[PDB]
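Trainee: Please find the sequence and an experimentally derived structure below.
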Amino acid sequence: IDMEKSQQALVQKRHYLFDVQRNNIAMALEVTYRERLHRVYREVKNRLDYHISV
Amino acid sequence: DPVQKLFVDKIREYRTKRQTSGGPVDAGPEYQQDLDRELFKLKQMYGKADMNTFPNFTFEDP
């Protein structure tokens, strides 16, 4: 009886895995977003630094 | 302050120079050679991308 009850309780958290998956993938997309922003900023500043140094 | 002829000497050499500044007077082709070498080296340190636009990326997703 109690083993079955334990399985029933374990069912409740049966979704957490996909919650984790979603969090990870979404935040990875956010990572790509943010790094793209920082990289474009970097490139523009570098390109203008070229001419400043000139 | 003009009492020291050195100041006026430097000053009007300077002036004549600025008037000649229509071009860099007496640059000498070695000037241009130095420019060439160092400008390349600077560019390679800065890469080979055309220094005129916003090099496009078309960023790649997972």
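Mentor: Received the coordinates, thanks. Numbers count the residues shown, from 1 in each chain, chains lettered A, B, ... in the order given.

Trainee: So which elements touch the top helix by length along chain B?
Mentor: Taking DSSP state H as the assignment, the helix of chain B that covers the most residues is helix B:29-46. Under the contact criterion of 3 or more CB pairs under 8 Å, 6 or more residues apart in numbering or on different chains; DSSP states H and E, helix B:29-46 touches helix A:16-53. Backbone N, C-alpha and C define where each C-beta goes, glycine included.

Trainee: hmm, the helix it packs on touching chain B?
Mentor: Yes: against chain B, helix A:16-53 shows contacts by CB under 8 Å from any CB of the partner chain at A:25, A:28-29, A:32, A:36, A:39-40, A:43-44, A:46-47, A:49-51, A:53.

Trainee: what packs against that helix?
Mentor: For helix A:16-53, the packing partners by 3+ CB pairs under 8 Å, 6+ apart come out as helix B:29-46.

Trainee: okay, the angle between the helix it packs on and helix A:16-53?
Mentor: For helix B:29-46 against helix A:16-53, the angle by axes from the mean of the first three to the mean of the last three CA atoms, to 10 degrees is 170 degrees.

Trainee: Can I get helix B:29-46 in CSV, CA atoms only?
Mentor: What follows is helix B:29-46 as a C-alpha-only set of coordinates in CSV (Å, rounded to 0.1, in the frame of the first residue of the first chain):
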residue,chain,number,x,y,z
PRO,B,29,59.6,59.1,-49.5
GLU,B,30,61.0,57.4,-46.4
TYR,B,31,58.1,59.0,-44.6
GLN,B,32,55.7,57.3,-46.9
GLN,B,33,57.5,54.0,-46.6
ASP,B,34,57.3,54.1,-42.8
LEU,B,35,53.6,55.0,-43.1
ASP,B,36,53.1,52.0,-45.4
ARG,B,37,54.7,49.5,-43.1
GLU,B,38,53.1,50.7,-39.9
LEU,B,39,49.6,51.1,-41.5
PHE,B,40,49.7,47.5,-42.7
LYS,B,41,50.8,46.2,-39.4
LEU,B,42,48.0,48.2,-37.7
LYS,B,43,45.4,46.9,-40.1
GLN,B,44,46.4,43.2,-39.6
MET,B,45,46.2,43.8,-35.9
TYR,B,46,42.8,45.2,-36.6
